[PDB]
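Below: the structure, in structure tokens.
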Amino acid sequence: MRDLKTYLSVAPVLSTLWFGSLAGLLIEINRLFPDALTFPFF
Amino acid sequence: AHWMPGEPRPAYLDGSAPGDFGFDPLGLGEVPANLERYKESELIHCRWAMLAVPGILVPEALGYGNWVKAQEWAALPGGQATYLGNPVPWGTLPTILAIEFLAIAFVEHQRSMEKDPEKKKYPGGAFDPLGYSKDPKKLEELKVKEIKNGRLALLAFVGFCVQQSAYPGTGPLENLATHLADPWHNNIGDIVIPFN
Amino acid sequence: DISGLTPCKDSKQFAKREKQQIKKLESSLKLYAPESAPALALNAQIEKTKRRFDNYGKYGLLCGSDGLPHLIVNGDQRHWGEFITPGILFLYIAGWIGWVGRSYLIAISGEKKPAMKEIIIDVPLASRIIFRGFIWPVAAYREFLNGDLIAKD
Amino acid sequence: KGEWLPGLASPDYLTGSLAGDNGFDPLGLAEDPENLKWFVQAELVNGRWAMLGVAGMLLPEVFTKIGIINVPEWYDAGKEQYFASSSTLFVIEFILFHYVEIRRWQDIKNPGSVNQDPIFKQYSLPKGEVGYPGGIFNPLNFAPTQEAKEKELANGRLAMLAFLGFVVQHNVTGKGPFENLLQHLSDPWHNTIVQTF
Amino acid sequence: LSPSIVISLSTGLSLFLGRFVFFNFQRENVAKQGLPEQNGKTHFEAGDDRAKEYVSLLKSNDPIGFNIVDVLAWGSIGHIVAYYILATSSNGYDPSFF
Ligand code: CLA
Ligand SMILES: CC(/C=C/C=C(C)/C=C/[C@@]12O[C@]1(C)C[C@@H](O)CC2(C)C)=C\C=C\C=C(C)\C=C\C=C(C)\C=C\[C@@]12O[C@]1(C)C[C@@H](O)CC2(C)C
């Protein structure tokens, strides 16, 4: 869709998409590996 | 003549000076007056260190010391130097410091007042008996020999000091004896890589 | 045992904290039916707590007199996993970001009006630039040696 | 020379002149030519050391299993007792690697700088290209043709990933490489990465 | 060593260094620094009528130029080093490194 990809390219729409994806990533990591205080995998 | 083949030579290090192998990475001798001061101080450090290496090895081979044992007597109040077993009657700490200061200050401050930068490093005359200065074709060779043996003695003094730092209570000939007894398992590797 | 801290698998105050939190959760677990959904969520939180304390036990965390995992960030290998192994993992990721957003800014620096790409991000160009920062440390290293990291005004 | 992803074009900085030039630079690392000629050398040396490493941690194992000669499995090979210490080896591997690697450094800085011996000044090295010294590094005198350089870089790129596979097949498996190969050939559809995790 | 001997010897060996050894260096450094310069001019040249370098106290005769102020300076160093010697010797302190 022309000019919708330009709107979704705009800084707030793109920032909310990036930070929603990133926040879901961190959230699901903390579900998978909750309560982390060390990196023991070396 | 180059400390590292392939590295470009500094334009102020041509090779004409004795021991001028072009080693100035940090760029200290870029201005010529500082370079003359550095040459004088290099030769002074060299001569002192290479006089010191006999004064460290010889009294440890036969003098019954280990070049730091010769200093512990002054760290304890009451006790004087054992110059080849016999005690010296010239006092222990303060008066030897007085004689050292009053002698080497005079010597080094009559050295300081020299203005000719060649006599500032290579005075000669009274400091050149035996006439080993009347032929520059070999005097340049001898200056290179002085610089080379002196840089070797400076590195050997780093060896003394750091072998004293790693092993606190020993001497260099004891280090060489340990390396001749068991050379592989008693080298630097146990210190650069400490097991704990 | 550095800095006068007993390990957390051996610290009695750490186990006491575990037991206190577990009793605090169980006292909230009694009010619900044992098969109900709040009760199951509380039990899942209880197992999460128990394995959290077990994992802080096994990962070499040191516990003080208060009985809480302290982080030894000095450089001791036994505790690199507390600060340095994460820290590098930060400086990588962070240096990914800055090496991306910088590179993007250099790729849209030569436009006519380069400000209308700051607010309207070229997703193709940004996606091409994003993975350039995967192995960013060698690019930043070489650009420091080549002088392309610092503008010459 | 060829292409690694036919949908993509080889970048302008990879003209095909170099050996192994399949155009693989998606992340634009060798965009500056100085970085390109440095990473050529880094590739060659990491690949040659990886070939030696893989050949020194696999061939011990395919000879241990068949019983021709019993030797440790490259991760229990450090803890064995040798005629020197655990650090004396590091001292020697510092003393006489600093010398050979700094001379290689001076070569990859300026090519014709370091080719003659310090001691025996007559026994120089021929003017070969950078990363390919020749001379006493070529005693059998097999020619360094471009096909041979491509074969070198291919086996080296393969040995690098082989070493990485070894490190990750001991980090999250615990066993040796060839034992993992025999475990795969036992039941390939049940002895893979997606059964260990 | 009695303290009078210590004081006399250290003072003598201090103004001996000052008269003969560390004279030309001190005096050439003095001439190098010269005077305190307030905005190019000296303190007395700019005014103040009190920072005039005294010459009635510095004119004293000597073939090399020793003045009473150098006698005070080398000699204050003398008494100081002497009392350092005396107190450091009279204090029975064990450095006990070994
Ligand atoms: C700046 C200060 C600071 C610091 C240092 C921390 C640090 C931490 N917090 Mg705290 N926190 C902070 C501020 C801070 N927080 C603030 C301000 C708040 C309020 C908003 C919180 C609220 C908070 C809560 C509520 C929780 C934490 C948790 C945590 C832990 C995170 C565990 C986790 O999910 O990471 C895991 C790691 C990641 C998510 C990073 C993954 C990155 C991706 C996957 C890329 C990595 C791979 C990459 C490709 C490289 C691979 C190498 C190579 C192969 C290429 C950690 C100890 C959690 C915890 O466990 O408690 C201790 C937790 O529950 N924090
Ligand atoms: C040198 C090397 C290994 C050397 C190993 C040695 C000496 C092993 C020695 C031993 O085993 C023995 C013999 C015996 C044991 O007793 C002792 C040890 C000591 C254990 C590995 C390099 C290993 C190097 C590796 C794995 C590098 C992988 C790089 C990749 C995949 C790069 C990808 C890219 O960079 C490109 C190509 C282009 C970019 O544009 C895009 C991306 C994608 C970023």
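All residue names refer to the structure tokens as shown: chains lettered A, B, ... in order, residues numbered from 1 in each chain, ligands numbered from 1 in order.
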Mind listing the residues within 7 Å of ligand 2, only C-alpha atoms and all ligand atoms counted, as a PDB file with C-alpha atoms, in the first residue's frame?
ATOM      1  CA  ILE C 135      29.925  -7.610  13.603  1.00  0.00           C
TER       2      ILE C 135
ATOM      3  CA  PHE D  24      30.465 -12.672   0.197  1.00  0.00           C
ATOM      4  CA  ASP D  25      30.382  -9.298   1.937  1.00  0.00           C
ATOM      5  CA  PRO D  26      26.761  -8.724   2.965  1.00  0.00           C
ATOM      6  CA  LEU D  27      27.812  -6.680   6.004  1.00  0.00           C
ATOM      7  CA  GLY D  28      30.158  -4.410   4.047  1.00  0.00           C
ATOM      8  CA  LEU D  29      33.288  -5.034   6.097  1.00  0.00           C
ATOM      9  CA  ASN D  46      42.881 -17.823  10.819  1.00  0.00           C
ATOM     10  CA  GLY D  47      42.185 -20.417   8.129  1.00  0.00           C
ATOM     11  CA  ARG D  48      45.672 -21.908   8.121  1.00  0.00           C
ATOM     12  CA  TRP D  49      45.709 -22.068  11.911  1.00  0.00           C
ATOM     13  CA  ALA D  50      42.209 -23.559  11.809  1.00  0.00           C
ATOM     14  CA  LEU D  52      46.238 -27.103  11.598  1.00  0.00           C
ATOM     15  CA  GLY D  53      43.935 -27.052  14.611  1.00  0.00           C
ATOM     16  CA  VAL D  54      41.253 -29.272  13.108  1.00  0.00           C
ATOM     17  CA  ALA D  55      43.916 -31.638  11.786  1.00  0.00           C
ATOM     18  CA  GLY D  56      45.418 -31.693  15.294  1.00  0.00           C
ATOM     19  CA  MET D  57      42.161 -32.284  17.179  1.00  0.00           C
ATOM     20  CA  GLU D  73      40.757 -35.703  22.818  1.00  0.00           C
ATOM     21  CA  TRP D  74      41.896 -32.041  22.561  1.00  0.00           C
ATOM     22  CA  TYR D  75      40.043 -30.903  25.723  1.00  0.00           C
ATOM     23  CA  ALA D  77      44.907 -32.732  26.329  1.00  0.00           C
ATOM     24  CA  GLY D  78      45.804 -29.670  28.399  1.00  0.00           C
ATOM     25  CA  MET D 160      37.343 -22.494  10.543  1.00  0.00           C
ATOM     26  CA  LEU D 161      33.718 -23.607  10.697  1.00  0.00           C
ATOM     27  CA  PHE D 163      36.769 -25.640  14.649  1.00  0.00           C
ATOM     28  CA  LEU D 164      33.668 -23.651  15.571  1.00  0.00           C
TER      29      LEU D 164
END
Determine which residues of chain D sit within 10 Å of chain B, taking into account only C-alpha atoms, and present them as a VMD selection string. chain D and resid 83 to 92 102 to 103 105 to 107 109 to 116 118
Counting only C-alpha atoms and all ligand atoms, which residues in chain A sit no more than 6 Å from ligand 1? For each one, give the nearest pair of atoms and the distance in Å, sorted by chain then residue number, as a Markdown table.
| residue | atom | partner | partner_atom_place_in_ligand_line | distance |
| --- | --- | --- | --- | --- |
| A:26 | CA | ligand 1 | 39 (C) | 4.7 |
| A:29 | CA | ligand 1 | 39 (C) | 5.8 |
| A:30 | CA | ligand 1 | 34 (O) | 4.6 |
| A:34 | CA | ligand 1 | 60 (O) | 5.2 |
| A:35 | CA | ligand 1 | 60 (O) | 3.1 |
| A:36 | CA | ligand 1 | 60 (O) | 3.5 |
| A:37 | CA | ligand 1 | 57 (C) | 4.3 |
Those residues you just picked out, can you put them in a file as a PDB file, in the first residue's frame with C-alpha atoms?
ATOM      1  CA  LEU A  26      12.216  -9.021  26.610  1.00  0.00           C
ATOM      2  CA  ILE A  29      12.664 -13.899  27.616  1.00  0.00           C
ATOM      3  CA  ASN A  30      11.800 -13.022  31.207  1.00  0.00           C
ATOM      4  CA  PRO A  34      12.777 -15.339  34.931  1.00  0.00           C
ATOM      5  CA  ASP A  35      14.568 -13.794  37.875  1.00  0.00           C
ATOM      6  CA  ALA A  36      17.989 -13.511  36.246  1.00  0.00           C
ATOM      7  CA  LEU A  37      20.938 -11.890  38.033  1.00  0.00           C
TER       8      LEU A  37
END
Inset, instruction - Go through chain D and collect every residue that DSSP, computed from the backbone, puts in helix (DSSP H, G or I); the answer should be as a VMD selection string. - result: chain D and resid 29 to 31 33 to 57 59 to 66 88 to 109 111 to 113 135 to 137 146 to 171 177 to 186 188 to 190 193 to 196
Shell of 8 Å around residue 18 (chain E), only C-alpha atoms, local chain residues under 4 positions omitted, as a ChimeraX atom specification
/E:14,22-23,70,74
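CA of residue 19 (chain E) is positioned 16.0 Å from CA of residue 101 (chain B).
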For this session: Report the residues of chain C whose backbone DSSP state falls under strand (DSSP E or B), written as a list in words.
Result: residues 6, 7, 62, 63, 69, 70 and 120 of chain C
Next item on the list: Quick one: everything within 10 Å of residue 32 (chain D), counting only C-alpha atoms, minus sequence neighbours fewer than 3 positions away in the same chain. Send it as a VMD selection string.
Entry: (chain C and resid 142 to 143 146 148) or (chain D and resid 13 28 to 29 35 to 37)
Expressed in Å, the length from CA of residue 40 (chain D) to CA of residue 14 (chain D) is 11.5 Å
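Taking only C-alpha atoms into account, chain B lies nearest to C:76 out of the set C:115, C:124, C:76, C:144.
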Can you check which residues of chain A have any atom within 9 Å of chain C? Use only C-alpha atoms and format it as a PyMOL selection string. chain A and resi 5-12+14+34-42
